[PDB]
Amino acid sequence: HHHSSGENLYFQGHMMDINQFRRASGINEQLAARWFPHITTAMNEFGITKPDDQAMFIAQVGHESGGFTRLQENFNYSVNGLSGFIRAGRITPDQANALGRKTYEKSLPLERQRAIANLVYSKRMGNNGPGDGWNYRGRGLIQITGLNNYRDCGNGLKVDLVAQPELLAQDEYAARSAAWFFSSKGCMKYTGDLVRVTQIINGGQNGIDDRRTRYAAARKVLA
């Protein structure tokens, strides 16, 4: 039978390699090289090890971050572009016209963007201070928003995100917060359940088609 064997070349260190990650996430080598250490360190720190859990994590994070390219929202909105916030009752039509980008403006200045954020997130998610709306705007692979959540996420990572919220726009912390979210919010209790996991992450079913495509592709590589 020419068997005589059964042993590991090296003790531990058996994790997803960059090739598997690249193919599973569907990104180019440049992005894969950039994110590989952060995603694996984060998955390892929180025990996201089962192939299907890893596949779902990579797929959901891939969807939320626009394919691992965006880590924060911006407020470069036109007056009409603020209609969504108006419909949600986050800003008034009057305010939208005063702050929104005008037809004759190239890009909305920071002081204007900041003003919009401070208004839209005013007295929401624990923001109870001047500048909180903008300072705690959405950041991360999986978007974290508002003082209350930067605080809870910070306690979950042992990082003072209340004092340094901008850390979530840095790769290592963006990856760790996403893994903490995925784990803490119970996504590993619904392995293989795309709809339930998406509900937990998105609080809805937005982008389910893309999430499915990403999960299917990751699962084929890892599982």
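Residues carry their position along the shown sequence, with the first being 1.
Between 151-159 and 182-190, it is 182-190 that carries the larger average Cα temperature factor according to the deposited entry. Mean C-alpha B-factor is higher over 121-129 than over the other stretch, the pair under comparison being 121-129 and 137-145. Highest C-alpha temperature factor among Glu45, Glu172, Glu29, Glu166, as the PDB entry reports it: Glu29. Going by the entry's values, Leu108 shows the largest Cα B-factor out of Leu82, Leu71, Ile116, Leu108. Ranked within its chain, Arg211 lands in the middle third, by CA B factor from the PDB record.
The entry lists a Cα temperature factor for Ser78 that places it in the middle third of the chain's modelled residues.
When the CA B factors of the chain's modelled residues are split into thirds, the value for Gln95 lands in the lowest one. Ranked by Cα temperature factor within the chain, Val197 sits in the middle third according to the deposited record.
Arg23: CA B factor lies in the highest third for its chain, per the PDB record.
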